[PDB]
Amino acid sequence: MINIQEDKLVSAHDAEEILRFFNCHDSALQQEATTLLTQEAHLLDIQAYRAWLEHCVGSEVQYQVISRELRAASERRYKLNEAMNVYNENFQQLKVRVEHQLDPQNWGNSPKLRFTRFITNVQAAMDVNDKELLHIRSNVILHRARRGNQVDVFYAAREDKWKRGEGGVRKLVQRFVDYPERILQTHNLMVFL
């Protein structure tokens, strides 16, 4: 539907993604995806990190969040690394982070943090080749409050891939986030988007 030679601000990737959703005219899949994400957000918000891992995350997951270097709109010669990985985790790496969160000597977790997540703009479409693979797009606003007067709000679009593995439970196999703020004004990005 997009011609990127004409819509000059549009990346090839973005054009690819929007084509995949303008043609999955499919209401039930949309509702399934909505439920999946709302349940994932709830478990995360109550800090049930082991539950999240067991029930929402696939063993073959790639959990990735990048920070893209600011370059000229007309840049065409400079070809060094465009982005770094704030997160780029496999299941084991996620498990380490979860253990780090649960550890009684994580002093930063006392007093207990307060998370509140808002998931909106959910779109869902089955993958063309792997009929067991569901693409899900959603936006998140994540609010973290701690220590009386610390307040950080995060905003992002999420490109997910979810697959029914076993138990028939649909689980997360890939999450990709291109974080929109280059310099974080939130102390750290230590939250699960």
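From 1 onward, residues are counted along the sequence shown. Heads up, when I say rigid core I mean the largest set of C-alphas that superpose within 1.5 Å between the two forms.
Using the rigid core as the fitting frame, the root mean square C-alpha deviation in 8 other deposited structures of this protein is greater for 168-176 than for the other of 168-176 and 11-19. For the pair 181-189 and 20-28, greater average C-alpha departure from the shown form in 8 other deposited structures of this protein after core alignment is found in 20-28. Between the stretches 140-148 and 55-63, it is 55-63 that shows the larger average CA temperature factor. Mean CA B-factor, 150-158 versus 129-137: the higher value falls on 129-137. Out of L184, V173, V177, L19, the entry records its largest CA B-factor for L19. When the Cα B-factors of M84, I119, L80, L113 are read from the PDB record, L80 comes out highest. In this PDB entry, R164 carries a Cα temperature factor that places it within the highest third of its chain's modelled residues. Among all modelled residues in its chain, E75 ranks in the highest third by Cα B-factor. The PDB entry assigns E69 a C-alpha temperature factor belonging to the middle third of its chain's modelled residues.
Ranked against the other modelled residues of its chain, the C-alpha B-factor of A33 as given in the entry falls in the middle third.
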